[PDB]
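Here is the structure we will look at, set down as structure tokens.
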Amino acid sequence: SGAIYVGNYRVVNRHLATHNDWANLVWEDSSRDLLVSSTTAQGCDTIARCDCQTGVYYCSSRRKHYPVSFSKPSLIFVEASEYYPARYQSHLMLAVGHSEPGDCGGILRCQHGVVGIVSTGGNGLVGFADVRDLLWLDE
Ligand SMILES: N#CCc1ccccc1CC(=O)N1CCC[C@H](C(N)=O)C1
Ligand SMILES: [Zn+2]
């Protein structure tokens with residue numbers, strides 16, 4: 001679990017969005033596993049606008065942060081789950097690092113701010129849904 005809070009927006013994994021997120025829907029994209037909802041309170045986070053490929057992510061299944069080298073956002077095949085059929089997920093970045101079911105929503109950050117959130121994983125890999133291209137989050 002986990003979310004990004006920036007301005008009057010809450011960014012969460014689409015498959016973990018609540019009834020309240022859907023009732024205050026701003027934008028969603030099943031192909032990216034992202035959903036953005038509106039909030040009444042101003043948010044705590046800053047979004048990176050960069051092309052960093054190194055950063056640090058929070059891993060809830062270890063209660064620890066880990067450094068990672070990650071691939072550029074791309075179209076990656078993701079196996080079927082209870083949430084989605086087998087499909088290509090877009091804007092996804094992979095890295096070697098621990099992740100297990102329950103770790104989605106952990107933040108990945110570089111020196112410029114928030115880069116994205118955990119969205120996939122398995123076998124010593126962790127995948128992050130990029131948010132750096134969503135320029136409208138800042139206005
Ligand atoms: N961290 C983590 C998740 C994880 C880690 C390790 C093993 C398995 C998983 C679960 C998994 O990859 N997904 C289930 C939920 C929806 C995700 C998607 N974006 O399509 C895919
Ligand atoms: Zn950066």
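For ligands, and for the atoms within them, numbers begin at 1 and follow the listed sequence. For the single chain, residues carry numbers from 1 onward in sequence order. The basis for the numbers below is simple: all heavy atoms, side chains too, and nothing from hydrogens, waters or symmetry mates.
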When clusters are formed by joining ILVMFWY residues with side-chain heavy atoms under 4.5 Å apart, either directly or through shared neighbours, do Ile47 and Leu34 land in the same one? yes

Could you check whether any heavy atom of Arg87 sits closer than 4.0 Å to an atom of ligand 1, since that is the contact criterion I want to use? yes

Backbone of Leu25 reached by a side-chain donor or acceptor of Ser37 within 3.5 Å: no

Nearest protein heavy-atom contact for atom 2 (C) of ligand 1: which residue, which atom, what distance? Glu100 O, 3.5 Å

Using heavy-atom distances, let me know which of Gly121, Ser60, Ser119 sits nearest atom 6 (C) of ligand 1. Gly121

Do me a favour and list the nearest non-hydrogen protein atom to atom 10 (C) of ligand 1 with residue, atom name and distance? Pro101 CG, 4.6 Å

Flag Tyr84 as yes when one of its N or O atoms lies below 3.5 Å from any N or O atom of ligand 1, and as no otherwise. no

Taking 2.8 Å as the distance threshold, tell me the number of protein N/O/S atoms next to the Zn ion (ligand 2). 4

Do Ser38 and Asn8 pass the side chain to side chain donor-acceptor pair (under 3.5 Å) test, and can you show the C-alpha distance, the side-chain angles, and the key distance before you say yes or no? CA-CA 6 Å; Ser38 60; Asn8 291 286; over 6 Å; no

Indicate whether atom 8 (C) of ligand 1 is within a distance of less than 4.0 angstrom of some protein heavy atom. yes

cation_pi(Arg87, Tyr84) dist<6.0 Å, angle<=45: yes

Between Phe128 and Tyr57, what is the ring plane arrangement, given parallel below 30°, perpendicular above 60°, and tilted in between? perpendicular

Run the numbers for me: atoms of ligand 1, each under 4.0 Å from some heavy atom of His15, listed by number. 15 (C), 16 (C)

Within ligand 1, which atoms have a heavy atom of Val118 less than 4.0 Å away? 1 (N)

Do the side chain of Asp103 and the main chain of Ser60 share a donor and acceptor less than 3.5 angstrom apart? yes

Going by distance alone, is a donor N or O of one side chain under 3.5 Å from an acceptor N or O of the other, for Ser31 and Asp29? yes

Is a donor on one side and an acceptor on the other found under 3.5 Å between the side chain of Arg10 and the backbone of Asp21? no

Below the 3.5 angstrom mark, is there an N/O of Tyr83, backbone or side chain, next to an N/O of ligand 1? no

Without placing hydrogens or testing angles, list every side-chain donor-acceptor pair under 3.5 Å for residues 110-122, not counting sequence neighbours.
unit_1	atom_1	unit_2	atom_2	d
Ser119	OG	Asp33	OD2	2.7
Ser119	OG	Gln89	NE2	3.0

Only one of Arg109, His65, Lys64 clears side-chain contact (heavy atoms from CB on, under 4.5 Å) with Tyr58; which? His65

Please name the pair of heavy atoms, one in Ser90 and one in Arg32, separated by the smallest distance, quoted to 0.1 Å. OG-CG, 3.3 Å

Using a 4.0 Å cut-off to any heavy atom of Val78, which atoms of ligand 1 qualify? 20 (O)

So the atoms of ligand 1 within less than 4.0 Å of a heavy atom of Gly122 turn out to be 5 (C), 6 (C), 7 (C)

